[PDB]
$ cat upload_6.txt   # compact mmCIF, C-alpha atoms (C1' of nucleotides)
# COMPACT_ATOMS: atom_id res chain seq x y z
CA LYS A 1 143.40 31.88 76.86
CA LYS A 2 144.70 34.91 78.76
CA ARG A 3 142.30 37.72 79.62
CA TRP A 4 143.07 41.26 80.69
CA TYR A 5 143.10 42.74 84.17
CA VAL A 6 143.68 46.14 85.78
CA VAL A 7 146.34 46.69 88.47
CA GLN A 8 146.66 49.77 90.67
CA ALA A 9 150.14 51.08 91.46
CA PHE A 10 151.48 54.05 93.37
CA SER A 11 150.86 56.70 90.72
CA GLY A 12 154.23 57.97 89.54
CA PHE A 13 156.25 54.77 89.99
CA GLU A 14 154.37 53.02 87.22
CA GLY A 15 157.23 52.15 84.88
CA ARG A 16 159.19 50.77 87.81
CA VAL A 17 156.13 48.71 88.80
CA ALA A 18 155.96 47.34 85.23
CA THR A 19 159.67 46.45 85.24
CA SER A 20 159.46 44.80 88.68
CA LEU A 21 156.39 42.88 87.51
CA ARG A 22 158.20 41.48 84.45
CA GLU A 23 161.12 40.58 86.71
CA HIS A 24 158.91 38.80 89.27
CA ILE A 25 157.41 36.81 86.39
CA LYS A 26 160.86 35.74 85.22
CA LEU A 27 161.86 34.97 88.83
CA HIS A 28 158.95 32.76 89.86
CA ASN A 29 158.91 31.35 86.25
CA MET A 30 155.15 31.27 85.71
CA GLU A 31 155.96 32.30 82.17
CA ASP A 32 152.91 30.51 80.75
CA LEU A 33 150.61 32.64 82.95
CA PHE A 34 151.46 36.17 81.75
CA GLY A 35 151.31 37.66 78.27
CA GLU A 36 152.17 41.37 78.32
CA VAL A 37 152.18 44.46 80.49
CA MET A 38 150.72 47.69 79.12
CA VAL A 39 151.23 51.27 80.19
CA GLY A 40 148.16 55.13 87.56
CA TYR A 41 146.76 51.86 86.24
CA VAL A 42 148.76 48.99 84.76
CA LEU A 43 147.14 46.62 82.27
CA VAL A 44 148.15 42.95 82.56
CA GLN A 45 147.40 40.07 80.23
CA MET A 46 146.99 37.23 82.67
CA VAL A 47 145.03 34.20 83.81
CA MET A 48 143.48 33.78 87.24
CA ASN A 49 144.98 31.36 89.68
CA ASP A 50 145.36 32.33 93.31
CA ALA A 51 149.11 31.76 92.95
CA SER A 52 149.37 34.33 90.16
CA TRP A 53 147.11 36.67 92.13
CA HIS A 54 149.46 36.48 95.13
CA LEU A 55 152.34 36.98 92.68
CA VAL A 56 150.97 40.25 91.30
CA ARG A 57 150.08 41.53 94.76
CA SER A 58 153.52 40.53 96.07
CA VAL A 59 155.12 42.71 93.38
CA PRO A 60 156.20 45.82 95.33
CA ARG A 61 154.38 49.17 95.14
CA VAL A 62 151.16 47.50 93.97
CA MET A 63 147.94 48.07 95.88
CA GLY A 64 145.68 45.47 94.30
CA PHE A 65 143.34 44.60 91.50
CA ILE A 66 140.24 46.65 90.75
CA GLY A 67 137.11 44.62 90.23
CA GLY A 68 133.74 43.64 91.57
CA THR A 69 135.21 41.68 94.49
CA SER A 70 138.57 40.67 95.93
CA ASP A 71 137.86 36.94 95.79
CA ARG A 72 137.42 36.76 92.00
CA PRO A 73 138.60 40.10 90.55
CA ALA A 74 137.17 41.32 87.29
CA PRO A 75 138.60 41.22 83.76
CA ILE A 76 138.97 44.87 82.55
CA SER A 77 135.57 45.41 80.82
CA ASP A 78 137.10 47.59 78.02
CA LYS A 79 134.03 48.51 75.87
CA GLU A 80 136.42 49.56 73.05
CA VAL A 81 138.33 46.37 72.01
CA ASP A 82 138.79 46.38 68.19
CA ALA A 83 138.03 50.14 68.42
CA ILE A 84 140.89 50.48 71.00
CA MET A 85 143.18 48.72 68.45
CA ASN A 86 142.18 51.44 65.91
CA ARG A 87 142.57 54.13 68.67
CA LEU A 88 146.18 52.91 69.22
CA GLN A 89 146.69 53.35 65.42
CA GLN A 90 144.98 56.81 65.70
CA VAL A 91 147.51 57.90 68.41
CA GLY A 92 150.27 56.22 66.32
CA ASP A 93 149.65 57.82 62.89
CA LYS A 94 148.69 61.06 64.76
CA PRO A 95 145.86 62.64 62.67
CA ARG A 96 147.50 66.07 61.99
CA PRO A 97 146.30 69.21 60.06
CA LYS A 98 148.30 71.14 57.39
CA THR A 99 146.44 74.44 56.66
CA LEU A 100 142.78 74.30 57.85
CA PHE A 101 141.79 77.74 56.44
CA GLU A 102 139.05 79.21 54.19
CA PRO A 103 138.14 82.68 52.71
CA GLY A 104 135.63 84.67 54.87
CA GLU A 105 135.70 81.85 57.41
CA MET A 106 136.17 82.96 61.01
CA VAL A 107 139.01 81.34 62.94
CA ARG A 108 140.31 81.37 66.49
CA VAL A 109 143.83 82.28 67.73
CA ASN A 110 145.25 80.55 70.77
CA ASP A 111 149.02 81.12 70.33
CA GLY A 112 151.30 84.23 70.51
CA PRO A 113 150.07 87.73 71.57
CA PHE A 114 147.10 87.12 69.25
CA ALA A 115 145.93 84.24 71.46
CA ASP A 116 142.36 84.59 72.81
CA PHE A 117 141.31 86.50 69.72
CA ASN A 118 139.10 85.63 66.74
CA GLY A 119 139.20 86.82 63.16
CA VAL A 120 138.49 85.77 59.57
CA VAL A 121 140.85 84.23 56.98
CA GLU A 122 140.85 86.60 54.04
CA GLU A 123 143.50 84.51 52.25
CA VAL A 124 144.70 80.89 52.68
CA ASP A 125 147.98 79.21 51.67
CA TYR A 126 147.86 75.36 51.77
CA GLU A 127 151.22 75.18 49.95
CA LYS A 128 152.90 77.45 52.55
CA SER A 129 150.72 75.91 55.27
CA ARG A 130 149.71 79.41 56.51
CA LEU A 131 146.32 81.12 56.96
CA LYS A 132 145.92 84.89 56.36
CA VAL A 133 143.59 86.05 59.16
CA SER A 134 143.41 89.53 60.80
CA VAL A 135 142.55 90.17 64.45
CA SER A 136 140.31 93.07 65.61
CA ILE A 137 143.08 94.60 67.85
CA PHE A 138 142.15 98.16 69.13
CA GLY A 139 139.46 98.24 66.41
CA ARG A 140 141.73 98.09 63.32
CA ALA A 141 141.86 94.53 61.80
CA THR A 142 145.41 93.13 62.25
CA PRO A 143 145.95 90.77 59.26
CA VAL A 144 148.46 88.24 60.57
CA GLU A 145 149.57 84.78 59.31
CA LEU A 146 148.81 81.91 61.68
CA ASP A 147 149.35 78.12 61.25
CA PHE A 148 146.36 75.69 61.25
CA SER A 149 147.36 74.45 64.67
CA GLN A 150 148.13 78.06 65.82
CA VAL A 151 144.45 78.91 65.26
CA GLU A 152 141.19 76.88 65.58
CA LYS A 153 138.30 76.74 63.09
CA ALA A 154 135.31 78.82 64.27
CA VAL B 1 149.99 83.12 104.80
CA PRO B 2 153.75 82.18 104.81
CA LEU B 3 155.99 81.74 107.90
CA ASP B 4 159.23 83.58 108.90
CA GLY B 5 161.37 81.75 106.26
CA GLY B 6 158.98 82.35 103.32
CA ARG B 7 157.60 78.85 102.48
CA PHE B 8 153.80 79.11 102.54
CA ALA B 9 152.30 77.29 105.51
CA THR B 10 149.16 76.08 103.75
CA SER B 11 145.90 75.24 105.47
CA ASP B 12 144.30 71.82 105.52
CA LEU B 13 141.18 72.85 103.62
CA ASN B 14 143.31 73.80 100.64
CA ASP B 15 144.60 70.22 100.59
CA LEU B 16 141.02 68.93 100.74
CA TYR B 17 139.66 71.21 98.01
CA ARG B 18 142.71 70.68 95.81
CA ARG B 19 142.26 66.89 96.12
CA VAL B 20 138.54 67.10 95.20
CA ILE B 21 139.31 69.28 92.18
CA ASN B 22 142.19 67.03 91.01
CA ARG B 23 139.92 63.99 91.18
CA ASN B 24 137.00 65.78 89.53
CA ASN B 25 139.20 66.84 86.63
CA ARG B 26 140.39 63.24 86.27
CA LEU B 27 136.83 61.98 86.28
CA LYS B 28 135.72 64.46 83.62
CA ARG B 29 138.65 63.41 81.45
CA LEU B 30 137.84 59.71 81.86
CA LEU B 31 134.21 60.27 80.97
CA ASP B 32 135.51 62.12 77.91
CA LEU B 33 137.76 59.20 76.93
CA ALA B 34 135.15 56.46 77.58
CA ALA B 35 137.22 54.42 79.99
CA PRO B 36 135.75 51.01 80.98
CA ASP B 37 133.46 50.36 83.90
CA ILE B 38 135.92 49.46 86.66
CA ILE B 39 138.11 52.50 85.99
CA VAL B 40 135.26 54.99 86.31
CA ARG B 41 133.88 53.11 89.31
CA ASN B 42 137.20 53.53 91.09
CA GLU B 43 137.36 57.12 89.89
CA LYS B 44 133.90 58.03 91.17
CA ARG B 45 134.60 56.11 94.38
CA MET B 46 137.77 58.10 94.96
CA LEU B 47 135.76 61.27 94.33
CA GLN B 48 133.10 60.12 96.80
CA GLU B 49 135.72 59.45 99.45
CA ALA B 50 137.43 62.77 98.66
CA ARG C 1 160.74 88.74 57.90
CA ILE C 2 157.95 90.14 60.09
CA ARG C 3 156.22 93.11 58.46
CA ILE C 4 154.34 96.03 60.05
CA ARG C 5 152.73 97.99 57.22
CA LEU C 6 150.89 101.21 58.06
CA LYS C 7 148.34 102.70 55.68
CA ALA C 8 146.88 106.20 55.87
CA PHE C 9 146.78 109.48 53.96
CA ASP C 10 149.02 112.16 55.41
CA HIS C 11 152.67 112.17 56.43
CA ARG C 12 151.88 114.79 59.09
CA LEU C 13 150.03 112.30 61.28
CA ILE C 14 151.94 109.08 60.47
CA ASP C 15 155.16 110.82 61.58
CA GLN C 16 154.31 110.33 65.25
CA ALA C 17 153.13 106.81 64.39
CA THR C 18 156.57 105.67 63.23
CA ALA C 19 158.01 107.10 66.44
CA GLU C 20 155.66 105.28 68.82
CA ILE C 21 156.17 101.80 67.37
CA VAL C 22 159.97 101.69 67.02
CA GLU C 23 160.57 102.93 70.56
CA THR C 24 157.95 100.85 72.36
CA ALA C 25 159.43 97.88 70.49
CA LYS C 26 162.87 98.96 71.70
CA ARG C 27 161.88 98.81 75.37
CA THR C 28 160.49 95.29 74.95
CA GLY C 29 162.10 93.56 71.97
CA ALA C 30 164.82 95.94 70.69
CA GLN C 31 164.81 94.08 67.35
CA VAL C 32 163.83 96.17 64.31
CA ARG C 33 165.30 96.96 60.88
CA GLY C 34 164.01 100.54 60.83
CA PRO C 35 161.19 102.24 58.92
CA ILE C 36 161.48 101.80 55.15
CA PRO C 37 158.95 104.05 53.34
CA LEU C 38 156.88 103.67 50.15
CA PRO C 39 156.29 106.17 47.28
CA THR C 40 153.59 108.74 48.05
CA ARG C 41 150.29 107.92 46.38
CA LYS C 42 148.06 110.42 44.60
CA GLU C 43 144.38 110.19 43.57
CA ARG C 44 143.52 113.34 41.61
CA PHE C 45 140.03 113.90 40.22
CA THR C 46 138.78 116.82 38.11
CA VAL C 47 135.05 117.39 38.60
CA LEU C 48 132.40 119.67 37.08
CA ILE C 49 130.98 122.28 39.42
CA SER C 50 128.37 124.27 37.43
CA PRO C 51 124.92 122.72 38.07
CA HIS C 52 123.63 122.23 34.56
CA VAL C 53 126.05 123.79 32.01
CA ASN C 54 129.49 124.97 31.10
CA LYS C 55 132.11 122.24 30.60
CA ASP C 56 134.95 124.49 31.78
CA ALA C 57 134.66 124.57 35.60
CA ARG C 58 136.86 121.64 36.60
CA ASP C 59 138.38 121.96 40.07
CA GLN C 60 141.18 119.57 41.02
CA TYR C 61 140.86 117.77 44.34
CA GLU C 62 142.87 114.78 45.52
CA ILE C 63 142.56 112.15 48.21
CA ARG C 64 146.24 111.75 49.04
CA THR C 65 147.69 108.42 50.20
CA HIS C 66 150.87 107.39 52.08
CA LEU C 67 152.31 104.04 53.19
CA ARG C 68 155.10 103.32 55.68
CA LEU C 69 156.55 99.91 56.55
CA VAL C 70 158.26 99.19 59.87
CA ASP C 71 159.67 95.64 59.37
CA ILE C 72 160.85 94.37 62.77
CA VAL C 73 163.69 91.93 62.14
CA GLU C 74 163.01 89.06 64.54
CA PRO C 75 159.61 87.46 65.54
CA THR C 76 159.82 88.73 69.17
CA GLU C 77 157.41 87.29 71.79
CA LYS C 78 157.60 90.68 73.64
CA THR C 79 157.35 93.35 70.88
CA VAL C 80 154.08 91.80 69.54
CA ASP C 81 152.98 90.99 73.16
CA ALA C 82 153.17 94.64 74.39
CA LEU C 83 152.08 96.19 71.02
CA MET C 84 149.16 93.83 70.14
CA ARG C 85 145.97 95.84 70.93
CA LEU C 86 148.03 99.09 70.95
CA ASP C 87 148.36 101.76 68.19
CA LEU C 88 148.73 105.53 68.94
CA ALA C 89 147.78 106.67 65.37
CA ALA C 90 143.97 107.19 65.30
CA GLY C 91 141.84 106.77 62.13
CA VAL C 92 144.62 104.53 60.70
CA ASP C 93 144.79 101.06 59.07
CA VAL C 94 147.52 98.89 60.72
CA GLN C 95 148.65 95.67 58.93
CA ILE C 96 150.78 93.54 61.35
CA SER C 97 151.71 90.77 58.83
CA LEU C 98 153.28 88.08 61.09
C1' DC D 1 108.60 39.42 118.31
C1' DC D 2 111.03 39.97 123.52
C1' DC D 3 114.93 40.27 125.94
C1' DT D 4 120.54 39.82 125.36
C1' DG D 5 124.92 40.76 123.62
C1' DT D 6 127.97 43.56 120.61
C1' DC D 7 129.63 47.52 118.08
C1' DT D 8 130.45 52.29 117.33
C1' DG D 9 130.14 57.03 118.81
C1' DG D 10 130.52 61.02 122.08
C1' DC D 11 132.64 63.23 125.89
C1' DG D 12 135.87 64.53 129.46
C1' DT D 13 138.13 72.68 133.56
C1' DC D 14 139.89 77.82 132.54
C1' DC D 15 143.37 81.74 131.77
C1' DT D 16 148.73 82.45 130.74
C1' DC D 17 154.16 82.00 129.59
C1' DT D 18 158.25 80.16 126.79
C1' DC D 19 160.40 76.59 123.52
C1' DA D 20 160.94 73.54 118.88
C1' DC D 21 159.39 72.55 114.10
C1' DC D 22 156.47 72.28 110.26
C1' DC D 23 156.53 66.54 102.69
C1' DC D 24 160.21 63.57 100.37
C1' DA D 25 162.41 63.39 96.03
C1' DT D 26 164.11 63.01 91.81
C1' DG D 27 164.29 61.11 86.76
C1' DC E 1 160.32 70.53 89.75
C1' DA E 2 155.89 69.46 91.29
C1' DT E 3 152.99 65.97 92.66
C1' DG E 4 151.41 62.03 95.12
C1' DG E 5 150.16 58.88 98.69
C1' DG E 6 149.60 50.91 117.23
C1' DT E 7 148.75 47.37 120.59
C1' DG E 8 147.99 51.28 128.76
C1' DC E 9 140.68 55.01 129.13
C1' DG E 10 136.38 54.42 130.88
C1' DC E 11 131.24 55.19 131.32
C1' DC E 12 126.79 55.99 128.84
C1' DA E 13 123.84 55.08 125.41
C1' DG E 14 121.39 53.87 121.67
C1' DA E 15 121.41 51.29 117.26
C1' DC E 16 122.31 46.85 115.29
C1' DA E 17 122.14 41.96 115.34
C1' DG E 18 121.49 37.58 118.01
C1' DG E 19 119.59 34.55 120.02
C1' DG E 20 115.71 33.19 122.79
$ encode --input "upload_6.txt" --output "structure tokens"
Amino acid sequence: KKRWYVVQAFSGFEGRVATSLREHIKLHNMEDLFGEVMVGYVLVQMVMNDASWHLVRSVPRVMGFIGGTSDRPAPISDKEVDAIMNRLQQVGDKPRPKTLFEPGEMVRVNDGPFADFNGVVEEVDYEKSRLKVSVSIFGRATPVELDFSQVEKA
Amino acid sequence: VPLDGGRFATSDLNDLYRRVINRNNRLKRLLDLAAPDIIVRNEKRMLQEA
Amino acid sequence: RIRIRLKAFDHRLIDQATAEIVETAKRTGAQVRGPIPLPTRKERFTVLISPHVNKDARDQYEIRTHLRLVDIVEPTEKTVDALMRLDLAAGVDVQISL
DNA sequence: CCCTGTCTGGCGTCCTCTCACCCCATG
DNA sequence: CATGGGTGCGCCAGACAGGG
């Protein structure tokens, strides 16, 4: 059984640290002691022998593990485990919006010259994915069409 | 203030304050995301040292 | 495709309004199809004026109405930027359909 | 607890006059 | 383009262990 651990790298060289780590594994052929490597912190499926600990800290541009102590470092205590699996699916099938708009509902604009302005959606168009909202510019309401992502629900 | 050339010769306190604000923004984002214990302990420890 | 409709009554005050919004767009975006007008709109109403009698005194008044459409050609991130909270014509209804 | 050894901190003159040089590095 | 992490000083003195 291989449990997870957290590795600190020089922040910015993280993909190169991950590649060098996979290559040090396939050099010193402790292939049965490493499962994956996930991407300034690098997640490693691993077991704990002192040989594998020296291996990961002998990988270049790696500071060390992050745990309670340096004798027996600590398995990443990820509170979200099965929830993190669903959070990876959430980032994967990105939850997107088509035309979040409603009559008389106030909205917020954060894109184009109308950004930083609020208004109401007098008309909505889910088929055209466009919301009809006017902005109080110099007093007169300025009915303009904004996308659901172009404006926020108020 | 800049030097003769034009590159701004920045003071040391701007490095210190900019570090503290970079780390504080990172710590607010990790407490938003509910990172595990060891991540936010290192994050708060880096803020303490900053 | 971007429409700037302007809605008011008289053509003697909107005439400076079609001058201010094509030229200030020219200095920033310079992308406009030109003002294309709309038929003048008339609201005539005959009303009785004698206080309690005499269905003959009907005086014709009218609240006149005019509409002019600017129609800039390209969604410019400089025309809208400079002319967002800006409209010379006072007591007017601007409709910047983007 | 009463003395003994260690471990870290705090500090060391004043005015001037030039010079030289101030973060890589890179996908 | 923008950010991200040496090994030559010497005395005083008091606080922290360390026996004692």
$ atom_distance --input "upload_6.txt" --atom1 "atom CA of residue 28 of chain A" --atom2 "atom CA of residue 46 of chain A"
14.7 Å
$ closest_atom_pairs --input "upload_6.txt" --of "chain C" --to "chain A" --cutoff "6 Å" --atoms "all atoms listed in the file" --output "CSV"
residue,atom,partner,partner_atom,distance
C:81,CA,A:113,CA,4.7
C:85,CA,A:137,CA,4.4
C:95,CA,A:142,CA,5.3
C:96,CA,A:142,CA,5.5
C:97,CA,A:144,CA,4.5
C:98,CA,A:144,CA,4.9
$ atom_distance --input "upload_6.txt" --atom1 "atom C1' of residue 6 of chain E" --atom2 "atom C1' of residue 10 of chain D"
22.1 Å
$ residues_around --input "upload_6.txt" --residues "residue 103 of chain A" --least-positions-apart "5" --cutoff "9 Å" --atoms "all atoms listed in the file" --output "MDAnalysis selection string"
chainID A and resid 120:124 132
$ axis_aligned_box --input "upload_6.txt" --around "segment 59-72 of chain C" --padding-each-side "6 Å" --output "AutoDock Vina command-line options"
--center_x 149.6 --center_y 108.2 --center_z 51.4 --size_x 34.5 --size_y 39.6 --size_z 34.7
$ closest_atom_pairs --input "upload_6.txt" --of "chain A" --to "chain E" --cutoff "8 Å" --atoms "all atoms listed in the file" --output "CSV"
residue,atom,partner,partner_atom,distance
A:10,CA,E:5,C1',7.3
A:11,CA,E:4,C1',6.9
A:12,CA,E:4,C1',7.5
$ interface_residues --input "upload_6.txt" --of "chain D" --to "chain B" --cutoff "12 Å" --atoms "all atoms listed in the file" --output "PyMOL selection string"
chain D and resi 21-23
$ residues_around --input "upload_6.txt" --residues "segment 27-43 of chain B" --least-positions-apart "4" --cutoff "8 Å" --atoms "all atoms listed in the file" --output "PyMOL selection string"
(chain A and resi 66-68+76-79) or (chain B and resi 23+47)
$ residues_around --input "upload_6.txt" --residues "residue 63 of chain C" --least-positions-apart "5" --cutoff "7 Å" --atoms "all atoms listed in the file" --output "MDAnalysis selection string"
chainID C and resid 42:44
$ write_last_selection --input "upload_6.txt" --atoms "C-alpha atoms" --output "mmCIF file, in the frame of the given file"
data_model
loop_
_atom_site.group_PDB
_atom_site.id
_atom_site.type_symbol
_atom_site.label_atom_id
_atom_site.label_comp_id
_atom_site.auth_asym_id
_atom_site.auth_seq_id
_atom_site.Cartn_x
_atom_site.Cartn_y
_atom_site.Cartn_z
ATOM 1 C CA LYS C 42 148.060 110.420 44.600
ATOM 2 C CA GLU C 43 144.380 110.190 43.570
ATOM 3 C CA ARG C 44 143.520 113.340 41.610
#
$ atom_distance --input "upload_6.txt" --atom1 "atom CA of residue 37 of chain C" --atom2 "atom CA of residue 92 of chain C"
16.1 Å
$ interface_residues --input "upload_6.txt" --of "chain A" --to "chain D" --cutoff "12 Å" --atoms "only C-alpha atoms (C1' of nucleotides)" --output "PyMOL selection string"
chain A and resi 12-13+15-16
$ interface_residues --input "upload_6.txt" --of "chain A" --to "chain B" --cutoff "12 Å" --atoms "all atoms listed in the file" --output "ChimeraX atom specification"
/A:5-8,40-43,65-69,73-81,83-84,87
$ closest_residue --input "upload_6.txt" --among "C:57, C:21, C:8, C:70" --to "residue 40 of chain C" --atoms "all atoms listed in the file"
C:8
$ decode --input "upload_6.txt" --residues "segment 12-34 of chain A" --atoms "N, CA and C atoms" --output "PDB file, in the first residue's frame"
ATOM      1  N   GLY A  12       8.384  27.218  -9.554  1.00  0.00           N
ATOM      2  CA  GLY A  12       8.651  27.663 -10.907  1.00  0.00           C
ATOM      3  C   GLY A  12       9.349  26.617 -11.752  1.00  0.00           C
ATOM      4  N   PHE A  13      10.110  25.729 -11.120  1.00  0.00           N
ATOM      5  CA  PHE A  13      10.766  24.627 -11.813  1.00  0.00           C
ATOM      6  C   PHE A  13      10.057  23.306 -11.560  1.00  0.00           C
ATOM      7  N   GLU A  14       8.742  23.354 -11.363  1.00  0.00           N
ATOM      8  CA  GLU A  14       8.025  22.232 -10.773  1.00  0.00           C
ATOM      9  C   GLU A  14       7.847  21.085 -11.762  1.00  0.00           C
ATOM     10  N   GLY A  15       7.560  21.397 -13.025  1.00  0.00           N
ATOM     11  CA  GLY A  15       7.474  20.349 -14.026  1.00  0.00           C
ATOM     12  C   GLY A  15       8.805  19.666 -14.266  1.00  0.00           C
ATOM     13  N   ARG A  16       9.890  20.438 -14.220  1.00  0.00           N
ATOM     14  CA  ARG A  16      11.216  19.857 -14.359  1.00  0.00           C
ATOM     15  C   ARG A  16      11.588  19.011 -13.147  1.00  0.00           C
ATOM     16  N   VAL A  17      11.127  19.396 -11.956  1.00  0.00           N
ATOM     17  CA  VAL A  17      11.298  18.558 -10.770  1.00  0.00           C
ATOM     18  C   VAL A  17      10.531  17.249 -10.914  1.00  0.00           C
ATOM     19  N   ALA A  18       9.317  17.304 -11.466  1.00  0.00           N
ATOM     20  CA  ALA A  18       8.516  16.093 -11.651  1.00  0.00           C
ATOM     21  C   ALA A  18       9.158  15.145 -12.665  1.00  0.00           C
ATOM     22  N   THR A  19       9.682  15.706 -13.758  1.00  0.00           N
ATOM     23  CA  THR A  19      10.355  14.893 -14.766  1.00  0.00           C
ATOM     24  C   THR A  19      11.637  14.273 -14.221  1.00  0.00           C
ATOM     25  N   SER A  20      12.449  15.061 -13.507  1.00  0.00           N
ATOM     26  CA  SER A  20      13.669  14.538 -12.904  1.00  0.00           C
ATOM     27  C   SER A  20      13.368  13.498 -11.835  1.00  0.00           C
ATOM     28  N   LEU A  21      12.229  13.622 -11.157  1.00  0.00           N
ATOM     29  CA  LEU A  21      11.851  12.638 -10.150  1.00  0.00           C
ATOM     30  C   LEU A  21      11.480  11.307 -10.788  1.00  0.00           C
ATOM     31  N   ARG A  22      10.671  11.345 -11.861  1.00  0.00           N
ATOM     32  CA  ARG A  22      10.369  10.120 -12.609  1.00  0.00           C
ATOM     33  C   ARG A  22      11.634   9.477 -13.165  1.00  0.00           C
ATOM     34  N   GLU A  23      12.579  10.303 -13.619  1.00  0.00           N
ATOM     35  CA  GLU A  23      13.811   9.757 -14.168  1.00  0.00           C
ATOM     36  C   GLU A  23      14.715   9.173 -13.090  1.00  0.00           C
ATOM     37  N   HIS A  24      14.791   9.785 -11.901  1.00  0.00           N
ATOM     38  CA  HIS A  24      15.545   9.171 -10.814  1.00  0.00           C
ATOM     39  C   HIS A  24      14.927   7.862 -10.346  1.00  0.00           C
ATOM     40  N   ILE A  25      13.595   7.756 -10.395  1.00  0.00           N
ATOM     41  CA  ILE A  25      12.942   6.483 -10.102  1.00  0.00           C
ATOM     42  C   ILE A  25      13.380   5.420 -11.103  1.00  0.00           C
ATOM     43  N   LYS A  26      13.323   5.746 -12.392  1.00  0.00           N
ATOM     44  CA  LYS A  26      13.708   4.753 -13.393  1.00  0.00           C
ATOM     45  C   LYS A  26      15.220   4.599 -13.546  1.00  0.00           C
ATOM     46  N   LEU A  27      16.026   5.422 -12.864  1.00  0.00           N
ATOM     47  CA  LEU A  27      17.455   5.153 -12.745  1.00  0.00           C
ATOM     48  C   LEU A  27      17.742   4.182 -11.617  1.00  0.00           C
ATOM     49  N   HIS A  28      17.364   4.542 -10.392  1.00  0.00           N
ATOM     50  CA  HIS A  28      17.676   3.710  -9.241  1.00  0.00           C
ATOM     51  C   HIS A  28      16.681   2.581  -9.036  1.00  0.00           C
ATOM     52  N   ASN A  29      15.841   2.305 -10.045  1.00  0.00           N
ATOM     53  CA  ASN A  29      14.923   1.179 -10.239  1.00  0.00           C
ATOM     54  C   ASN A  29      14.242   0.662  -8.973  1.00  0.00           C
ATOM     55  N   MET A  30      13.818   1.585  -8.113  1.00  0.00           N
ATOM     56  CA  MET A  30      12.864   1.282  -7.054  1.00  0.00           C
ATOM     57  C   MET A  30      11.451   1.525  -7.575  1.00  0.00           C
ATOM     58  N   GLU A  31      11.124   0.775  -8.630  1.00  0.00           N
ATOM     59  CA  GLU A  31       9.880   0.977  -9.362  1.00  0.00           C
ATOM     60  C   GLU A  31       8.675   0.533  -8.544  1.00  0.00           C
ATOM     61  N   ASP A  32       8.873  -0.411  -7.626  1.00  0.00           N
ATOM     62  CA  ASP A  32       7.820  -0.885  -6.744  1.00  0.00           C
ATOM     63  C   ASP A  32       7.603   0.021  -5.533  1.00  0.00           C
ATOM     64  N   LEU A  33       8.255   1.185  -5.479  1.00  0.00           N
ATOM     65  CA  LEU A  33       8.155   2.079  -4.336  1.00  0.00           C
ATOM     66  C   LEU A  33       7.635   3.461  -4.717  1.00  0.00           C
ATOM     67  N   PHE A  34       7.084   3.616  -5.919  1.00  0.00           N
ATOM     68  CA  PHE A  34       6.547   4.892  -6.370  1.00  0.00           C
ATOM     69  C   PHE A  34       5.361   4.624  -7.278  1.00  0.00           C
TER      70      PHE A  34
END
